[PDB]
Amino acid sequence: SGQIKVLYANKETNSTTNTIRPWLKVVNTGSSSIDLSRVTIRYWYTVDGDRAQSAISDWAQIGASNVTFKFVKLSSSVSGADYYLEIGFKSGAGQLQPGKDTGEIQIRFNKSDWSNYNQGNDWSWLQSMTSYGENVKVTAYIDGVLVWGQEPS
């Protein structure tokens, strides 16, 4: 079936920033292996003045090229989100075995005019978790089914 945890490291402590930096990791905590292509992660936030947006992995243990990004503007705003960044994995990311993790996934994202975000009104931001921990407001899915975290209400 599939059991996972997502770990999170905030690499931008300034609330005001042109670059959100939610580093991530997927841990397979169940008993079967999981194809990482089946896994999606969502970082829910408020855009703070809508613009084109770009997300980049500068480096990932599984190979940055294997990380996919999709910005989704939410149909309706919810508490601390009008967008999410959906992080996914190509076949090249491969399989996560029981008890193992992806290792580090670096992520940054910015608006195309480098205008500032405010991270303080972001559902998924955890300012102080600057090393890898459990940020339950970054949610994760297997085949589109929520398996980790709390989506914004």
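Note that residue numbering follows the sequence shown and begins at 1.
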Original post:
Quick one: higher average CA temperature factor, 41-49 or 88-96?
Top reply: 88-96
Original post:
Can you tell me which of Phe69, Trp125, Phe109, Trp114 has the highest Cα temperature factor in the record?
Top reply: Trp114
Subject >> Chain thirds of CA B-factor: placement of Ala64 >> reply: middle
Original post:
Lowest, middle or highest third of the chain for the C-alpha temperature factor of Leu36?
Top reply: middle
Original post:
Which third of the chain holds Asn118 when residues are ordered by C-alpha B factor: lowest, middle or highest?
Top reply: highest
Subject >> Lowest, middle or highest third - CA B-factor, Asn28 >> reply: middle
